[PDB]
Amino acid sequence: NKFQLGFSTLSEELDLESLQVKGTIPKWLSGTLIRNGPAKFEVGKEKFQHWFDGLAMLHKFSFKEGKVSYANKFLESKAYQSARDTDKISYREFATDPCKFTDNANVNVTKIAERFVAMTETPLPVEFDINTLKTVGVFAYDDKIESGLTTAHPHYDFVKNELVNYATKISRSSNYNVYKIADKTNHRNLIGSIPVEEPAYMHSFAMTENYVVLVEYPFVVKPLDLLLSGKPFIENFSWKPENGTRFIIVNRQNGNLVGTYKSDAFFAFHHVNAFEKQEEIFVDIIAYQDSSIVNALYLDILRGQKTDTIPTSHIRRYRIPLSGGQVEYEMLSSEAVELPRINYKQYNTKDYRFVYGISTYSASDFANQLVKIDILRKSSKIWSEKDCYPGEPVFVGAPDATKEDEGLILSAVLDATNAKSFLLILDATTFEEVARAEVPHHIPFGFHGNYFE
């Protein structure tokens, strides 16, 4: 196991004005890339069980006409602050309990009410200063919407300038609460509540021009088990393929229920993109056969010799006939893909051609390449390097771009032989390297980041 180091704690927090650049970073790139992920996998004697459980650390890559500055700090959440001060796991994580719920926002980052927030799947995000990476505190919403579980994968409507998400109220009468947030406010407007007996773990969802599509994988929890059973969060979820996958379509303007459509059981973390065509909706999902991937991302497996027990996922385009009939799918690529990203700003909710992600196909190593899938003419473009393990490829469109794949791809890459990470920058069109920035230490394998102008 050569990628061992990527699942090891990073104690060191620093703020360096310059990183050693090899190449040329386009002048027009003058924004900030914020990477989020786990960077502390134990608290003294107690070890975190799952990859998702590790305490949040933010990594900042700010650009100034060729130069690139770097800073990293642990998110000073109550989860972290309690661990640091008591040397005891204090809050309930995704798959680890101590001996109310966690603010360990280690999944993603966005802006809400023009404030930078780190997110996880618990109700309240954590506000941080993009300048200092200091933690402001818990970001309270100004509304009466109830929730126990939500996503760190909100959508953004650029036309209406709305953040769109859902939150599950987990009670003896549970609801999927689909909501929106207008710019310069922290008030959530309830679009619609879908009642549900046994809520499903939906890490993300699909948004089209008119609709929000909740794809309800049959990986479900009994609310009372979550409340009473003395077992970590994810251990209370059960795979029930008899139920099949339910596509719940909600009009994201008037909150009307368009319809529910069923397919054969499957699981997914990440949606890629969705769009409407004539009397049909197309939902592109990074799908697994079942929920076994969840139990594969425990650290003792990820750190272990047996790599080939981690299930692979593929881009499946599900076609929903609004007219009627069961939902069917086809594969857009034979390549194994995870952590998918697109030209989000321009082509989200719309018909598109290009997907970027990590490739997990195990041709030589596990998670050892970045891939660019061409949906139109099939085929793909690959990036890799000896004993290098790249992170989520973040697309950034070029100024006044006429094409979908005109811009840059930013990826945090772990060099195992060097025992240190570097920020890879690829031309989105050719998918070949233009520059890279050297980081003094290793950046643990994170989840999601975003580029802010």
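Numbers follow the displayed sequence, beginning with 1.
- The stretch of deposited sequence separating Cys99 from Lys100 contains 10 or more residues lacking coordinates in this entry.
- Legend: mean Cα B-factor per stretch from the PDB entry, 270-278 versus 234-242; the higher mean is in 270-278.
- Averaged over CA atoms, B-factors in the entry run higher in 66-74 than in the other of 36-44 and 66-74.
- Across the options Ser291, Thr309, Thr122, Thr185, the residue with the most elevated CA B-factor in the record is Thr185.
- Annotation for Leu370, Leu332, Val327, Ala206: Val327 ranks highest, by Cα B-factor.
- Among all modelled residues in this chain, the alpha-carbon of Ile285 has a temperature factor (C-alpha) in the lowest third.
- Among the modelled residues of the chain, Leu424 sits in the middle third by CA temperature factor in this PDB entry.
- When the CA B factors of the chain's modelled residues are split into thirds, the value for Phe61 lands in the highest one.
- Remark: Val220 belongs to the lowest third of its chain, ranked by C-alpha B-factor as recorded.
- Placement of the Cα temperature factor of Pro195 within the chain: middle third of the modelled residues, per the deposited record.
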